[PDB]
Each structure stands twice: as C-alpha cells, then as structure tokens.
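Breakdown of the fold
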Amino acid sequence: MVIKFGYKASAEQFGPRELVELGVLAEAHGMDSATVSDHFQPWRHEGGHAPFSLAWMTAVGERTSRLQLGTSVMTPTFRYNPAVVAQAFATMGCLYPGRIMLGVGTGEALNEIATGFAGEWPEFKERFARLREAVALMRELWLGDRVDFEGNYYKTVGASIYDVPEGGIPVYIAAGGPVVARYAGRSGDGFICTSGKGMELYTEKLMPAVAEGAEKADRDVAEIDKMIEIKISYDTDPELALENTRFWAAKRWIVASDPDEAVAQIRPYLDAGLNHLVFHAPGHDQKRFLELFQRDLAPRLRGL
Amino acid sequence: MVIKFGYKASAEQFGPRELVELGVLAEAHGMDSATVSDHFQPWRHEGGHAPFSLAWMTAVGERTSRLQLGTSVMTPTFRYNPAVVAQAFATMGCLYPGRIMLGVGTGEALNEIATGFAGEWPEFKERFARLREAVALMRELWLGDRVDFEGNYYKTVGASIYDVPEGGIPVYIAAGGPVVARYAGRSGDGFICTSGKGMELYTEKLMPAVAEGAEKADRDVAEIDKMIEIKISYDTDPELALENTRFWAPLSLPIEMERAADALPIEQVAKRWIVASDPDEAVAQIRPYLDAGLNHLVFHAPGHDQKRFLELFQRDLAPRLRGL
C-alpha cells in the first residue's frame, strides 16, 4: 500500500469541540488520515475527557473532503450491538465516500465494566473469537440482505442495511501479537499496531504474521493497509519537546527537537513495511504539532 | 413553552446524504427544529431507508447554527447500552450547545428482533419500566461524578461523563397514552405525540396527564416542551397533495404486506394525513393542535420531493401560522 501520514486525535485530552477542530486542522495541515480511540471512561489523570468517537468522526467528516477517518480502535463486541455498529459505519461511509474505516480490537475490561459488563471478563480466546464473529456479522450486513446471522455470541434476524457503500467499509484490525496479526492478514482490510516496542516485534512477529495470513488466504499482502501509531513529542524548542511528554506521566516515545533525528527514529517503521504512519503527540498545543509536522517532518519523510 | 415550527426528516424514506441535506435545508427555510426517527431496519422494502440517527444529527449540527436537533424517537433500552447513549448525546450537546435533545420511546419489537433480541418481547409495563430506568441512568451520568448504578436492567461501575453541558441533555418522552404522558409531566423535558388520531386524545388524555404529572412533581408545566408530529401532505397541486401519501401506505392497513399497501386506494392511505392544496385550509387543520396546547409543531410531509415541501411551507404556511 502507498505511504500515508496521519494524526491520532487524543480523546482523553480534549473536549468534543476542540477534538473536532483538531481533526479538521489535520486535513488543513496535509494529513492523509485522522483516527480516534473509542473510550467511554474519562480518566481524570489521562486528561479528563472522552468525546464519543462516532460523533467526532461524523463532525470532522462533514467539515472535510479528503481525510480518511476512523476508529483506532473500538471494541464492537460488548457495549455495542455489532449490527448497530455496522449501521453506524455504513451510514458514515455513505456520508463520506471512500473516507471511512472501522478500526477494531479485542477489548479493554475497564471501559466495559464501567458500562455494565456483567461477570468475569472473558479470556483472550473468547475476546478474539467474539471479534472475528462480530466482524463477519457486520460484513454480512454490508454485503447481503435479510441476514439471519446466528453465531456463538451475536445474532440477527432478517436484518438489512440498504444504506451502505458498495462492498461495505474497510475494517482495520489492531494487533499486538502474531495470533491476531495473522487474522489481520487473512481477513483485514488493514492492520493497526503501536510503536515503541522493540523493533523485532514488528520485523519478526507482526509483519511476518500479516504476510502469513495473507498467504493462507490467497491475497496480495500489498493491498492491506499497514498502520502504526507512533508516539512522538517533536518541538523545535528543546525544553517544550521534553515538557510536553509530562501529560503521559525500548523507549516508548520519540522525543526530539531536531527534525532529522525525529525522522531517523520514524524511518525504521517504514523500512519494516508499515506504510500508514499515524502520529500521536502529547502536548496540549496540538495545533503547533500539526504545524510543525507539516513544516519540518513531512517533507523530510517524503524525502526518504 | 414558546411556539416553534420544525421539520421531521424521514429516515424511512431517504438515504444518508439526502437526509442530511434536507436537515440543512430545513434551517435555510426557517424551521426551528428537525427530528429523525431511529430505526435499524429499512422501513420498507420498496424505496426504504434507515440512516443512522446520530450520524444524521451530528452532520446536520455541524452544517447549521440555530436548528434544534433530536430523535423522534429512539429506544435506548435493548440494542443500545444506555450509558453509551448518554455519552453520545452529551458529546453532541457539547458540539451543538443548546441544540440537542434525546427523544425516547418504549420501543417496537421488529427492530430489536432484527438486531438479535432474544426471547419474548416484553409487554408495555416492562418496556416502560426499562425506559424510565435508562433515562434515570443517563441523567445520573450527566449530572454526577463517578456513578455506580444498579437497576433491574442496567448497570454502571464508577462511570463518568465529564464532557456534557450544564444541566445535561433534554429528554423528550413519546406518549400515546396518559400513563406515559404523566411520567413526561413528572420527569420529561418534553413530550412527543403524533397528529391524526382524533382530537380527544390530545385534549382529554395527553395534555391533562402532562399537567397532572408536572403538578405532582412540583414543576411548572409551562417548562415542558409539548411536541407533536403534524402529518401533513401540503402541495398546491391537488393530485400531488393526495398522491404524495403513497410511500406511507404501510401505516394504513412480509412481501405480501407491501403489495397490499401499494394496492390500497389512495384515500385510505391519506386518511390520517392532513391533505391540503389551499394554505388557509391547511392552517385550519393545523390550528386545533395549537389550540389544544401543543407548542412545538414538527411537520412531517410524505412525498419524495421534500425540498418542494420546505419551500412551500415557508412561502405559504409559516406566515399564516405566525399570524394566528
């Protein structure tokens, strides 16, 4: 897939209007994508906010014309009905053709417990199985009609979605290990991972797992968009570059005031075959980040 | 509450982009509000749609500046988690200050069975108990800090919503009878009913019930917005005024059902619609709802050419209504 640079909006750090305006500024400053995590719980310590992700996506969508928008990620398996998730994303894709994706993961307990999940949090195998089932259900609604989906967890009866782009909505699967990454290679339209683990995670585990799955499924691996969230504090002021990380309380972060050093720290992800770099910055001044990214980092990255 | 005229956008009848553009046109043509029904299933097979209500509300909100937006109605009790509903509406309320409401009903089986609801469909008492519980949970979230809610149906654990307007989000309750109307008087920021059902429903059952609930809760009934969906087929062409009801024929009585609807005589289809081609006659048929004390009239027009309805409404009907 082609090289793309995007922006991760931090839902824990900003209220709804500011978050939306940052997504719009992301397009203004040349980003190819903007994504948001689907949190419910606002954590006082992570900044005290949690704007609803689908409202953010839609508001930014209606204000923009090029930018790809999605979740990174949302858990479609516990506090949501997967059928309704499919409806929401199908509608958004109609509203913003060719610019919507659905990024999904296997789930975090604390948000689900907060919203009323009953009993013991399922183990990884059940969480993963639920995710594959929900993905299939949603795609069946997108592609078919009068769907009677009867899974081990989820169900529909005569369900239809007419208001959907042809072929449905790209689904991006997040993975932090090879088991789910192989699933991404078999079944995802995209793959999402996070930076700042040793580089061997990407080059020995996750990218080979995606390629394996794509082989097993008889697909061309190049058609899978390979997204990485890169945590980066960049500022030309050396003190502000460092001080911006104090909101976030191998190295997990790139912390840099020199744009060539920053680019050097990003390059290894591109060399590992991640093509869709999504930048997540800690400072309160996100407008400055977007301006500095466009001015200093993007031209150097395209120059590689 | 002050008189307002708004627009019912038909999710049943238009796909997502067209529905959004109609919402925006409602504001351009002077409407005070626009609402949408929240269904999952396309309303009918032939020409049916179901765009996701919350995406419509947000996209119209981002395109507008004055219009009040809301659901009329959504069921927050079966395929939605009420805490997530509360989050969604609180976010929208922050995005569009003073312009968002949550309109809720007790629900209908077809949409829930479609989306996986298991077992016997609850009777009215249980659907209504679930609704009241969901509303209470949402309000606790909006107005509280770290909420531990545990009801018969719904639960939260240490849950918070901090991105919410002061005072929360207005909740409007759909009422077809006195029991729910009294609850709207006690607890609703508004109530919603639909026209065409015989004037005694509004004057003898629903309005007095809202007033009684308000008095029992020590509220001023004037603070409750009294909304009615006015089913009106206005067109200066009398053939269109009648024939534009056709899409809605399923209301006037499975693939057989729809064949049966398409074959209904148009007079039968049009029975509970105001059909008018003269603007004074139209207004005469609207006026009894104002006289009954409904203050927020949301006009629902049946035909495919909704831009023409909005232009006609602004030209012919709004000035006459303001003149009452």
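Going by the header, the method for this PDB entry is X-ray crystallography, and the resolution given is 1.47 Å.

Where the PDB entry is consulted, chain B appears under the name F420-dependent glucose-6-phosphate dehydrogenase 1, with the organism given as Rhodococcus jostii. The record in UniProt for chain B states the following under Subunit: "Homodimer."

Looking up chain A in the PDB entry gives the name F420-dependent glucose-6-phosphate dehydrogenase 1, with the organism given as Rhodococcus jostii.

Description of the overall build of chain B
A count of helical and extended segments in chain B gives 12 helices and 11 strands. Taken over C-alpha atoms, the radius of gyration comes to 19 Å for chain B, in line with the 20 Å a tight globule of 324 residues would show. Here chain B, with 324 residues, has 58% of them falling under the buried criterion. Accessible area for chain B stands at about 12700 Å²; split by element, carbon and sulfur atoms hold 49% of it. Distance between charge centres in chain B, computed from 33 positive and 45 negative side chains, equals 1 Å.

Brief notes about the interface of chain B and chain A
Contacts between the two partners involve 50 residues from chain B, matched on the other side by 49 residues from chain A. Across the chain B-chain A interface, the total number found is five salt bridges. Here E62(A) and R63(B) are joined by a salt bridge, their closest N and O atoms 2.8 Å apart. Counting the contacts that link chain B with chain A gives 29 residue pairs in polar contact. Where the side of chain B that touches chain A is concerned, the elements lending two or more residues are α1 (16–28), α2 (53–63), α3 (82–95), α4 (109–114) and β6 (155–159) of chain B. For the side of chain B that touches chain A, the leading source of residues is α3(B), giving eight residues. Within the side of chain B that touches chain A, the residues separate by chemical class into 25 nonpolar, 15 polar and 10 charged.

Looking at the packing of helix α1 (residues 16–28) of chain A against helix α2 (residues 53–63) of chain A
All names here are of chain A. Orientation of α1 relative to α2, taken along the N-to-C sense of each, is 45°, at an axis distance of 9 Å. Classed by the angle they form, the pair α1 and α2 counts as oblique. Relative to α2, α1 is oriented so that their crossing is right-handed. Touching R17, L19, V20, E21, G23 and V24 of α1 are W56, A59, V60 and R63, all from α2. A breakdown of the residues in the contact of α1 with α2 according to their chemical character gives six nonpolar, one polar and three charged.

Re the environment of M138(A)
Residue and element names in this part refer to chain A. Here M138 lies in helix α5 (residues 124–143). Sequence separation between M138 and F14 is 124 residues; the distance between their C-alpha atoms is 30 Å. With residues up to four places along the chain from it excluded, the contact list for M138 reads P76, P82, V85, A86 and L102.

With respect to the pattern of salt bridges
Across all of its chains, the model carries 37 salt bridges over all chains by this definition. In this structure, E112(A) engages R79(A) in a salt bridge whose closest nitrogen and oxygen atoms are separated by 2.9 Å. Residue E112(A) is located in helix α4 (residues 109–114), and its partner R79(A) is located in the loop between β3 (68–71) and α3 (82–95); the two are separated by 33 residues in the primary sequence. Exposure class is identical for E112(A) and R79(A). Each is buried. Here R320(B) makes a salt bridge to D280(B), at a shortest N to O gap of 2.9 Å. Residue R320(B) is found in helix α12 (residues 306–322), and its partner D280(B) is found in helix α11 (residues 279–291); the two are separated by 40 residues along the sequence. A single network of salt bridges, built from pairs that share partners, joins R17(A), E21(A), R63(A) and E62(B).

Considering the UniProt feature "active site" in chain B
The feature "active site", as annotated in UniProt, sits at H39(B) and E108(B) in this numbering. On the basis of their most widely separated C-alpha atoms, the annotated residues across 70 residues gather in one place, lying no more than 9.7 Å apart. Assignment of secondary structure puts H39(B) in the loop between β2 (33–36) and α2. Those residues within four positions of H39(B) in sequence are excluded, and the remaining contacts are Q87(A), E12(B), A50(B), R79(B) and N111(B). Structurally, the position occupied by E108(B) is in the loop between β4 (100–104) and α4. Residue classification places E108(B) among the exposed positions, given a relative accessible area of 59%.

What about the environment of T77(A)?
Residues and elements named next belong to chain A. Relative to the helices and strands, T77 resides in the loop between β3 and α3. A sequence separation of 17 residues divides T77 from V60, and the C-alpha atoms of the two residues are 25 Å apart. Setting aside residues up to four positions removed in sequence, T77 forms contacts with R130, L131, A134 and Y154.

So, the side chain of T156(A)
One can find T156(A) in the loop between α5 and β5 (171–174). Beyond its immediate chain neighbours, meaning those up to four positions away, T156(A) contacts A83(A), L137(A), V147(A), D148(A), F149(A), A114(B) and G116(B).

Looking at the pairing of strand β3 (residues 68–71) of chain B
Residues and elements named next belong to chain B. Of the two faces of β3, both are covered, the one formed by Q68 and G70 as well as the one formed by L69 and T71. Looking at chain direction, β2 and β3 are connected through four bridges and run parallel. Paired with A34 across the bridge in β3 is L69. Crossover connection from β2 via α2 to parallel β3: handedness right-handed. Taking the sense of rotation as the criterion, the β-α-β connection linking β3, α3 and β4 turns out right-handed.

Cut-offs used in this document
Residues numbered from 1 in each chain as written, not as in the entry; some residues may be left out. Chains lettered and ligands numbered in written order. Heavy atoms only, no water. UniProt positions renumbered as here; feature names shortened; annotations may be inferred. Helix = DSSP H or I, 4+ residues; strand = E, 2+ residues; numbered from the N terminus. Rg over C-alpha atoms; globule rule 2.2 N^0.38 Å. Buried < 20%, exposed > 50% of the residue type's maximum accessible area, 1.4 Å probe, protein only. Areas by Shrake-Rupley, 256 points an atom, 1.4 Å probe, with all protein chains shown as cover. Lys, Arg positive; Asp, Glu negative; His and termini not counted. Charge placed at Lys NZ, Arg CZ, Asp CG, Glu CD. Contact = heavy atoms within 4.5 Å. Salt bridge = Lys/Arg side-chain N within 4 Å of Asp/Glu carboxyl O. Polar contact = N/O pair within 3.5 Å; in protein donor to acceptor, adjacent residues only side chain to side chain. Nonpolar A, V, L, I, M, F, W, Y, C, P; charged D, E, K, R; others polar. Axes fitted to C-alpha atoms, helices over the stretch in contact; angles between N-to-C directions. Parallel < 35°, antiparallel > 145°, perpendicular 65-115°, else oblique. Left-handed = near helix turned anticlockwise from the far one by under 90°. Pairing = 2+ DSSP bridges. Right-handed = clockwise from strand over helix to strand, strands pointing away.

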